[PDB]
Amino acid sequence: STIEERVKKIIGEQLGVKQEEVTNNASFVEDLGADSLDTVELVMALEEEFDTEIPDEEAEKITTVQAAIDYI
Amino acid sequence: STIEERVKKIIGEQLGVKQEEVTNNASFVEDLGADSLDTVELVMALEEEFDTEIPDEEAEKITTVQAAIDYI
Amino acid sequence: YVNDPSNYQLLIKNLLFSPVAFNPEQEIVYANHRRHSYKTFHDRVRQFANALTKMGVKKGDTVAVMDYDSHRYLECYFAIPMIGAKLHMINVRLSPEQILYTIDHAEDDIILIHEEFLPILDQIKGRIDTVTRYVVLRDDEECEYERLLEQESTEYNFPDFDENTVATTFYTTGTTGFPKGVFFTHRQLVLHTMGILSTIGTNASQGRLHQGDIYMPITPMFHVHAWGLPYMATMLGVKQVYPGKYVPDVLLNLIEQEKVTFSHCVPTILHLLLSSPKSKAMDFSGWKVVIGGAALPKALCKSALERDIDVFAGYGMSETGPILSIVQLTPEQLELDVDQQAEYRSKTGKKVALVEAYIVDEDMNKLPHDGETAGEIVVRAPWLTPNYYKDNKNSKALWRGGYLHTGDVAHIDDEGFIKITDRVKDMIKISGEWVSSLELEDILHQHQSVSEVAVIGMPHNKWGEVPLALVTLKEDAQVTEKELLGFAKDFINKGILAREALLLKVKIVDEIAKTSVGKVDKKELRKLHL
Amino acid sequence: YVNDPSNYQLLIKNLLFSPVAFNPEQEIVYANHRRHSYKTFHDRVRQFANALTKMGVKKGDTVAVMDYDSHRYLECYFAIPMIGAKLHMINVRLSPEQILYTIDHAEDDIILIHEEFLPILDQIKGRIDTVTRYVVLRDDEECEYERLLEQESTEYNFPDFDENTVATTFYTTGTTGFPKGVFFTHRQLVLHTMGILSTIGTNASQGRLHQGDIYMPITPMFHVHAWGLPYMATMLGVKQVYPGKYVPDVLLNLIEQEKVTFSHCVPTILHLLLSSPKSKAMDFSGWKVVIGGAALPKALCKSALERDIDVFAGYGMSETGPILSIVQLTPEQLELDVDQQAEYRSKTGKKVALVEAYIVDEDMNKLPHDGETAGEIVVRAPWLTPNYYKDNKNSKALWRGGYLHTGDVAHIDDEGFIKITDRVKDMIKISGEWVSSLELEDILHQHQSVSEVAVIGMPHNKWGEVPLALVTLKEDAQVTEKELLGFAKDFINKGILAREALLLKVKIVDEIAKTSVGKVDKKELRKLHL
Ligand SMILES: Nc1ncnc2c1ncn2[C@@H]1O[C@H](COP(=O)(O)O)[C@@H](O)[C@H]1O
Ligand SMILES: Nc1ncnc2c1ncn2[C@@H]1O[C@H](COP(=O)(O)O)[C@@H](O)[C@H]1O
Ligand SMILES: *C(=O)CCCCCCC/C=C\CCCCCCCC
Ligand SMILES: *C(=O)CCCCCCC/C=C\CCCCCCCC
């Protein structure tokens, strides 16, 4: 209800993209306009805000954001 | 009371300097660490916030910030 | 130029027009876009020569190309050198400031740029001042390159000049302040083609490129001449397939449809292709990838061998042609099991024909080849750049002592197998002993609470510089420096102080800076940390 | 080198050791820091030669200097060229990236840097790779330069070499993608000193530099050799005063105490000195400033004349020695009133001895000298740089048609007085007519609701590029484009369409980008706007 809402916020903050377009379906790449470094730093900021401990080993298989949102 | 307080805020915002050290006595230069361009853009931001219309012709003679604060 | 017809010059036009084999009906395939034969290719090369002459390209001009892997790049690989101009290959992975620097340094006259790189040109177009014309390349009939070629005749008489005139140039972004320009002549490229063909064509039954193969590059073709492989494939007259932009599914479809047999790529692309879900049901037992980017891992090699792929390694760099060494297996070594074969195929390899390679110390004393003693590789070959363009001090440091210093530390077997340990500038000098960082990085990466490991040095008073480890932890594992220290101590087989673990001082920094080539910037990490 | 003693070479050591006048007891003053005589100066130059030889500086090495105006810079102006090395003057006003580029391009060996520029070196120290030693200059006894000199003998035999060996080099940041390197030989510097001395020493009674003057620079001494004035002052053997960092009160105190008579500065520094409250009661009627930075205004000249200062203008640039022209007044012109004298003293001036200057069109047709026809100045002189260092195309464009193109548009009087209008790249081409931007900028600046005015061009279909004005308004004056248009129409004396005011399209943008030299970046403004 509220957790999933704010994951659409984080990845939208650093890349300057609105929350209506940026959703669970919106992946870590393409529509956001993120490179490799931008994607990994978004993955890091996910844990710098929600206090997870991402190993990038789950990030080797998630490419839809939705996977991380639900992972939380 | 309140007007003079927030002029110490503006010139402290862009240059990342606290409001206790940055006061009326603190000039546009030195202690802030501002160049020519930084100083003129601070002078502009003064009018972009308090809605004055600085001509830089008053800025040719003000070198203490206090002069502008009271000018308002 | 005085021709003296009895005096033969080694030129690239001889590679094109005096090949090993020429089949006029053999195809050149641009992925799902165009197909034409070698006759059409030879006509289009002459047309491109006519167009370049029309635009005003002389025998000393520079033409720069910003493109993908396509038939247009293959045409530029021939037409521009034969006219007498230098081909400048632009690395599209660099930052726009570095690209602008290289354009200003090389002093290009015409730029051939793909329409997808136009945003890169948008932010540096003002500060160029050398380029007079821009040619926009497209994947449809709107291409200006196609419009310029279909306005010319297919007849042209290519000149004869000295074999020592410069043919190609590109800029390497190694450990230095600014990009360094390497360059090669016609003779060097022709000799590189001949030498590598003699080395890898005469192999008995493993890893050989012959006249029945189908070649498709998976190397971006602007790096080191795509390892000189387009020249070799044109000389053999084999079917060539160009994929364009590298997408794993598109590449797998091309491998299936075109029956590709020979490729070259880097470990990351190969891992992506093997891990793609589309590749599980696709046949692979005719493919002959050569991995030469950097340090083919043993696990990826083992997986590729289990998928029945003839995968082997090779070594080179920008200054060296590039090819200096290739893994070749004697016919007793194909009877070994998958693990020992994977170990053999991951090595640097033996040096190719006409290459002299030694390992030396800082005094250049030519350490023995015993498989344990490690020193820097120094080489001599017929296809090395003589210096850096418009450079003196770095050029002098490159050819110190009469050999070309590759900046790599390796030990050479008794039978000739080279094993690269790590870079010269990554060395860890503790007191009076010399250790690498890559093996420590791998050992710490074997921990179950690390994603990426970076090991750099930290000066000390008595023991000199000491190693320091920078890693990123794993999920719900707030393992501090003490746990990583204990894990390192849990290992064996190390020298120096006990197990060389007394001043590790391991740390954990969140973000590790990565260069435009995907590698971590160790110098920047040192600057930020110390 | 074969000396051939009958064959004379024009070297800088002859400027030092064969001067017009040598007083061993004449002083060299560093502001409130040190004082010593010309004998001590000649001893310290030999000591610096000994130290440079000890550090390993050969006859082709490069020594870079990052300093203020001091006695150390005067010592470097002599000692480094006499050894045979090139002196690279670093512009400390450039951005650190540009400074790093120039250091990499020139390939310096030793860097002499003041301790106050150390933060600049902090962010570029890693990516340098050419410099082996850094010498930190200080204003106290802790200076490493002083410690290195007081460890050497005051005896040295300076070599004799070709007069065409390069002596100095510096980088100009004009309208181009990267800084351009100009360089000069010993012969060119000696000839520049001789020519300017012959031109401005032989004047009857106005604006002459003679053997009784006291010289103090107010030009940063790393730009164009400080207009060659330290060489001329050393040749005359006059008292020299160096202020260090430019502070108006310190400069005024130095002028009062040292009885300075000859100086050179830029209009901004002169305005600051004249507007300082400390200068109202200070005597000025012995001072002979020459204003040569850019475009001495008539109002500042009038105020300086009212303060009884011999103020006059001069023209030059990095590629030209620099001095090409000086304002000299015939003795009938000193009887004119203050306004006409101010008009005369603000001009570009007449060309100095051994200088050929014409105004040409884009076809190089040598327009007439009538005082109205305007074209680009092209010059020939014994002290022009022959090309840009490590550059071909810009070098070819610099010397087009056998003359050096200065990039300035001017009209020359019938009697020889040159009047520069504006730059070549700032031109406004409407249809088939040619107008400047500076006069329009001044006219719009005469409005009572503008602080700074920028006028640039905007392409159109029929009339070609049309002017556009960018200004910043004044207090409580929300005057839109219509008011500025009306104010421009209120003027007179203009050609083209009626009063050339039909497509002005004046705008008001808040912030105007300013380069590191204090000037507005017109190219960047064009990129941002169009
Ligand atoms: N087969 C290989 N194994 C390990 N390192 C390699 C291999 N091939 C290339 N490299 C590395 O890649 C570098 C090429 O650098 P560059 O000049 O940018 O092309 C070489 O110096 C090697 O250190
Ligand atoms: N007396 C002068 N009046 C007007 N412009 C000047 C004068 N002296 C120098 N300049 C300008 O300053 C420029 C020097 O540019 P630079 O190569 O950076 O030294 C010249 O090209 C002139 O356009
Ligand atoms: C990314 O394209 C890598 C380019 C930078 C590093 C150069 C790689 C080394 C070049 C060649 C490796 C040697 C293998 C040659 C293959 C010849 C056929 C067997
Ligand atoms: C800031 O130092 C200006 C440097 C950049 C532009 C060069 C200025 C032109 C140089 C000299 C002007 C001519 C006056 C020479 C004075 C000779 C004595 C009368």
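The ellipsoid that matches the Cα gyration tensor of chain C has semi-axes, each √(5λ) in whole angstrom, of 41, 26, 24, with the longest given first. Rounded to the nearest Hz, the phi-derived 3J(HN,Hα) couplings of segment D:460-467 under the Karplus curve 6.51 cos²θ - 1.76 cosθ + 1.60 (θ = phi - 60°) are 9, 6, 7, 8, x, 5, 10, x, where x marks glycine and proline.
Each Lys and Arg contributes +1 and each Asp and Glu -1, all at the Cβ; summed about the Cα centre of the protein assembly as shown, the dipole is approximately 3820 debye. The trypsin sites (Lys or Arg not before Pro) of segment C:276-333 that DSSP puts in a loop, and whose beta carbon has at most 14 other beta carbons within 10 Å, are C:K280. Taking 0.890 mPa s as the viscosity and 25 °C as the temperature, the Stokes-Einstein diffusion coefficient of the protein assembly as shown based on its alpha-carbon Kirkwood radius rounds to 70 µm²/s.
Here the simple spin-label model places points 7 Å from the Cα toward Cβ, and for D:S153 and D:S198 these points are separated by 4.0 nm. Let me check I've understood the local charge: for C:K278, count other residues with C-beta under 13 angstrom from its C-beta, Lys and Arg +1, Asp and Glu -1. What total comes out? Every neighbour counted, the sum reads -2.
Here r is the Cβ-Cβ distance between B:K61 and D:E25 and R0 is 41 Å; the resulting FRET efficiency, rounded to 0.05, is 0.35. By DSSP, the beta bridges lying fully in the protein assembly as shown are antiparallel in about 60 percent of cases. Distances between placed amide hydrogens fall under 5 Å for C:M458 paired with C:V466, C:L468, all partners being 5 or more residues away or on another chain. Calculated on the alpha-carbon coordinates, the convex hull of segment C:441-519 measures out at 113 cubic angstrom per residue.
Between segment A:1-36 and segment C:260-288, what is the C-alpha centre distance in whole Å? Cα centroid to Cα centroid, the span is 33 Å. To the nearest 0.05, how large is the calculated FRET efficiency for C:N7 and C:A353 if R₀ is 41 Å and r is the Cβ-Cβ distance? Efficiency for this residue pair is about 0.95. If you take the Cα centroid of segment D:174-189 and the Cα centroid of segment C:289-364, the two points sit 50 Å apart.
Within segment C:483-507, find all residues whose amide N lies under 13 Å from a label point positioned 7 Å from the Cα of C:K462 along Cα-to-beta-carbon. Taking a point 7 Å out along Cα→Cβ of C:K462, the residues of segment C:483-507 whose backbone N falls under 13 Å are C:497, C:502-503.
Here's the picture: a label point sits 7 Å out from the Cα of D:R35 along the beta-carbon direction, and within segment D:255-282 the residues with their amide nitrogen under 20 Å of it are D:255-262.
More than 15 Å apart: what percent of Cα pairs in segment C:248-297 qualify? The answer is 43 percent, as a whole percent. Inter-copy label distances for D:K505: 6.2 nm (label point placed 7 Å from Cα along Cα→Cβ; shortest first).
Projected label points at A:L15 and C:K245, each 7 Å from Cα along the beta carbon direction, are separated by 1.6 nanometres.
Helical runs assigned H by DSSP (4 residues or longer) give the protein assembly as shown a calculated mean residue ellipticity at 222 nm of -9000 deg cm²/dmol, each run adding -39500 (n - 2.57) before division by the residue total.
Sequence-ordered 3J(HN,Hα) estimates for segment D:143-157 from the Karplus curve with 6.51, -1.76 and 1.60 and θ = phi - 60° stand at 4, 6, 4, 5, 5, 5, 7, 6, 10, 10, 8, 8, 10, 6, 9 Hz, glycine and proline given as x.
Under conditions of 37 °C and 0.692 mPa s, segment D:329-444 yields 205 µm² s⁻¹ as its translational diffusion coefficient, taking Rh as the Kirkwood radius over Cα pairs in the Stokes-Einstein equation. Given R0 = 51 Å, the distance between the Cβ atoms of C:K523 and D:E335 translates into a calculated FRET efficiency of 0.15.
Using Cβ point charges alone (K and R +1, D and E -1), the dipole size of chain C about the Cα centre works out to roughly 780 debye.
For C:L404, nonlocal amide neighbours, meaning residues 5 or more places apart or on other chains whose placed amide H falls under 5 Å from its own, are C:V379.
Sorted from shortest to longest, the distances between the D:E146 label points of this copy and the other copies are 7.5 nm, with each point 7 Å from Cα along the line through the beta carbon. For segment C:509-514, putting each phi into the Karplus relation 6.51 cos²θ - 1.76 cosθ + 1.60 with θ = phi - 60° gives couplings of 10, 4, 9, 10, 5, 10 Hz, in residue order, rounded to whole numbers and with x for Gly and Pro.
In the assembly of identical copies, C:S18 has its label point, taken 7 Å from Cα in the direction of the beta carbon, separated from the corresponding points by 6.2 nm (ascending, one decimal).
Sort out the exposed loop chymotrypsin sites (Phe, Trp or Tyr not before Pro) in chain D (DSSP loop, at most 14 other Cβ within 10 Å) and tell me the longest stretch that has none. The segment D:9-490 is the longest one with no such site. For D:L137, the amide hydrogen comes within under 5 Å of the amide hydrogens of D:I113, D:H114, D:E115, counting only partners 5 or more places away or on other chains and with H modelled in the peptide plane.
Across q = 0.17, 0.21 Å⁻¹, segment C:1-155 modelled as identical point scatterers on its alpha-carbon atoms has Debye log10 I(q)/I(0) values of -1.07, -1.46, in the order of the q list.
So, counting K/R as plus one and D/E as minus one, what does the shell of residues with Cβ under 9 Å around C:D408 add up to? Taking every other residue near C:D408 into account, the sum is -1.
The orientation-averaged projection of the convex hull spanning the C-alpha atoms of chain A amounts to 4.3 square nanometres. Computed on the Cα trace of segment C:1-80, the radius of gyration divided by the Kirkwood hydrodynamic radius gives Rg/Rh = 1.00. Note on D:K259: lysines with a C-alpha under 21 Å away, same-chain residues under 8 apart excluded, are D:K239, D:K245, D:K278, D:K280, D:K288.
Backbone-built Cβ (ideal geometry, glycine too); neighbour counts: all protein chains shown. Each reported figure results from applying straightforward, stated rules to the coordinates on display, with no laboratory input.
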